[PDB]
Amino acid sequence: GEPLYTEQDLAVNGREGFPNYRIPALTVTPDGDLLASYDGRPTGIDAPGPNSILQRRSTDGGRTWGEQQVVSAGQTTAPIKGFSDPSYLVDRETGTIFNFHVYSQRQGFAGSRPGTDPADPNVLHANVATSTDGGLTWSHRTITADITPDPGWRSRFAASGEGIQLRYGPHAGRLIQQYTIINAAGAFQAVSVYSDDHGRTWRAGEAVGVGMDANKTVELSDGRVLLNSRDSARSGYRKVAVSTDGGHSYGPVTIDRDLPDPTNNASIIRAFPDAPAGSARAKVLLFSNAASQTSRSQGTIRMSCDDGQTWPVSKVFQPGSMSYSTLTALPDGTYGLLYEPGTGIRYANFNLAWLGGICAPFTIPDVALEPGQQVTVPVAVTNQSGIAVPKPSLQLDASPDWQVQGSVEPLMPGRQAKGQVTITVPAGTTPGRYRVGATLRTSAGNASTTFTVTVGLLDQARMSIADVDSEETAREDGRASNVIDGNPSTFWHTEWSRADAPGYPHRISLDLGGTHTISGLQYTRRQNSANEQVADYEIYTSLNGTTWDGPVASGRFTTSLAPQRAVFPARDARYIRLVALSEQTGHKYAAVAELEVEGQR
């Protein structure tokens, strides 16, 4: 029915006993009682500040809230004791409550020394409070010696927010809390901690990932576990993985470019946690996070109705500052959102009608073309809503001076719809990749997708590296072929891990896959570091890749994060070469996120 958003603080900084409140946690009890947990920070810092774990209770479904009670009390007189980064987990089968948090002594996450004795003051401990009675009374234990089977795992902390219980498959019942660890080589890794015995005993799964951090899991309509992680390598995105063995082990980790993230915690839940395995409702996920690649702001809810493959629906809940957010499914059928507005801990409620979407994701393929050209690309709407909509329309958001229109057949339940998008790119459009937004506008909700229209660039897929002067592959992935992989988040980086690596000049040559009329090169700097930016440069081209004609163009790049063009009289060529002559502030290394070649396909 009617859209609903509502919002109210639970904690403000310098009020009710602490000068700082952070790190939100939120669950629903087998009663329907809502529990909000969070850091009370005397000295305003994460571990090892002598922090407390706090909690409040709503016995009327999120309208009103009881006293600010202490679950875990920090010791601020020496020996100091810190308890921080809270995360709930309900076992709805026994109905027991867990609340995981760190127990820190002298050392934070950074300086945690290997070992697992509770008494050791240089270990950051894994703690879990236990409550068998709805979260009123609490028992306390230290589980580090159970979840460190690799001795070089020198550090750990449970991902703040809320954890899961598997409802399906051979592992049904299993409780799963996510951790981040530090291994011997000091890489940040993701790992599930689980219990097959309702909390009695806990163990660690197989560590997966590099550049990981605070991360969450959700069980999909088929019982697979989706991991969704914070990227500590600062990609601008969420990292993702999947387990087919109930959180023991995950497959390859990828950057999820559907999911821009500023290096912040995020949350991912089942919208319908009790639905049968395999059902339409069992594929529904809500995702909350800072929807900006660069700042903790524009908090955004996304809805997936296809196990998180596609994310058709999104809506901003907070324009301004928004750090950690966590979601929880309410018994009333609405949703709890506990986030960080900046003044402490806020509690928000929304319903699915607020989100304002239609479960009907659509695909419109990427298209390549020269300027002057007209092209029809099809639309395929996968109507997952199961409802009739007489007259849907397609709004497109393309460049100001393009000729664009969208169209979509009537929307029918259970069956797909067809649509079309015609595009004319006028003569004189700047060569580039154009991200065009498409919106499906309908009576019962909107869905939207993006697709790229490449204008006068050559196909990267046909390209290869012909030569590179220098590349780092030992201590990080700085392969030259990264300039032609599509991903501004992966880069070429000249060797750095050895001291005798060359400085400038640097060189990278592309083989174009064939001979093409070419007229320019677009350079994209490395996005997450500023000391390997190319300044002075020359460009060369070749037909046979050994006789080089040039410099055909020359100049100096800016510190602009966007693609920058270097243009030259059109000419046939099978190869193009970039010579980086200098760095922006004089440094040894070059990094390049992307090279595109302006030319005729």
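Numbers follow the displayed sequence, beginning with 1.
Averaged over their C-alpha atoms, the temperature factors of 407 to 415 and 126 to 134 are higher for 407 to 415. A summary of the deposited B-factors shows that, of 564 to 572 and 26 to 34, the stretch with the larger mean C-alpha value is 26 to 34. Each of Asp231, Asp222, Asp366, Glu495 has a CA temperature factor in the record; the biggest one is found at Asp366.
Sorting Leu327, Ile518, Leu396, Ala530 by the CA temperature factor given in the entry leaves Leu396 at the top. Ranked within its chain, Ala590 lands in the lowest third, by CA B factor from the PDB record.
Remark: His140 belongs to the lowest third of its chain, ranked by C-alpha B-factor as recorded.
Among the modelled residues of the chain, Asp306 sits in the highest third by CA temperature factor in this PDB entry. In the deposited entry, the Cα temperature factor of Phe491 sits in the middle third of values across the chain's modelled residues. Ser52: CA B factor lies in the lowest third for its chain, per the PDB record.
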